[PDB]
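Presented as structure tokens, the chain that follows is alone, the form deposited without the named molecule.
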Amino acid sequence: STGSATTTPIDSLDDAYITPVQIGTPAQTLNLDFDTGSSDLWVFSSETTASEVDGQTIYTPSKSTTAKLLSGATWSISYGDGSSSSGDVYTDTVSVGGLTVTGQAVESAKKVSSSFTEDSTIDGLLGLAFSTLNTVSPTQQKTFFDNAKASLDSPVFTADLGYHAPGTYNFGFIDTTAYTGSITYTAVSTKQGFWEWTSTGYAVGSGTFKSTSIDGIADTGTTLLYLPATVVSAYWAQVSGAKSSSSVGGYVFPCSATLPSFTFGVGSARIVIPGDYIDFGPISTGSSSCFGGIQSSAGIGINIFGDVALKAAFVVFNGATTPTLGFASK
């Protein structure tokens, strides 16, 4: 089997991407944030505290003839941005782009934090990291991909995120028309439950490539690119007027700037992030200071190849017995 679904930016800045997902019988379609940095499939629901729902579409398990409460199972997750959610668990039928899993754990939110409430466009998350990170207790549950893997034509999924435009998540096949050149594959460590890999270096603009190992995670659920302070300082030094602002919480730059590109290495191959992908717009409405899309990972404890990086590539998440990651230009 295979599946293919379009993923769409939630806003004009590509702050996140949503993908329609069918849950239950008859189908209830919710728009979920596919997150290769976490391993829970959770949804706003009829059980979510009413004051914490503000425009999201909800899953109502009582209206699904295939939903079954998973007795005694609860979940609770916190994300790197400080947001969180928790609740109970149903098993139900879940379909993405024509690919169907029966018996998928659907984690129904009883509580969500304010950032989730304040984002009316995201109805939940669909985790695509390794199932060892799943938070359901006392019996850990499998991700959608892990449940589907054996049925897929090939045990892979691909992320093709657009810049200011829709893109695609494919399951079970590699669309050879979706990229240019070849796909370069690189080793993955699953020891922390992430798609963790080592970039071979970087360049700023037309500058010389610096060969240096940068361990990090491929995380579609993180918007920005978080890299070591030395790398980030070298990037913003090429932008007149850019500075690190403690009050704003990162590097900011004049909105009038034209930003340089940023290149990262994948083995001997190179992925070029155009400068415009690094502009996240005014820091507050009407400001002429803009928020940078490349930020320091100091104090995060891990480097994160988020959407800013991933959207410049066609990315293969190879879930074979020994997982690997592939990157192609596009």
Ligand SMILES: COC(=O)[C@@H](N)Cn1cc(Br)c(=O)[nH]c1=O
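When you see a residue number, it is the position in the sequence shown, counting from 1.
Missing here is the form deposited with the named molecule bound; even so, the following discussion is about that form.
*Asks:* Within 4.5 Å, heavy atoms only: does residue 80 come near the named molecule in the deposited bound form?
*Replies:* Contact check for residue 80: yes, within 4.5 Å of the named molecule in the deposited bound form.
*Asks:* Decide whether residue 312 counts as a contact residue for the named molecule in the deposited bound form under a heavy atom distance cut-off of 4.5 Å.
*Replies:* Although the named molecule is absent here, residue 312 would stay clear of it in the deposited bound form, with no heavy atoms inside 4.5 Å.
*Asks:* Even though the partner isn't displayed, in the deposited bound form is residue 141 close enough to the named molecule, meaning a heavy atom within 4.5 Å?
*Replies:* Result no; residue 141 lies far from the named molecule in the deposited bound form.
*Asks:* In the deposited bound form, does residue 223 have a heavy atom within 4.5 Å of the named molecule?
*Replies:* Residue 223 belongs to the contact set for the named molecule.
*Asks:* Could you tell me which of 160-168, 215-223, 95-103, 144-152 sits within 4.5 Å of the named molecule in the deposited bound form, going by non-hydrogen atoms?
*Replies:* Partner-contacting stretch among the options: 215-223.
*Asks:* Just one of 122, 231, 156, 239 has a heavy atom within 4.5 angstroms of the named molecule in the deposited bound form, so which one?
*Replies:* Residue within 4.5 Å of the partner: 122.
*Asks:* Using the arrangement in the deposited bound form, list in sequence order the residues of 7-37 with any heavy atom within 4.5 angstroms of the named molecule.
*Replies:* If the 4.5 Å heavy-atom criterion is applied to the named molecule in the deposited bound form, 7-37 yields 15, 16, 33.
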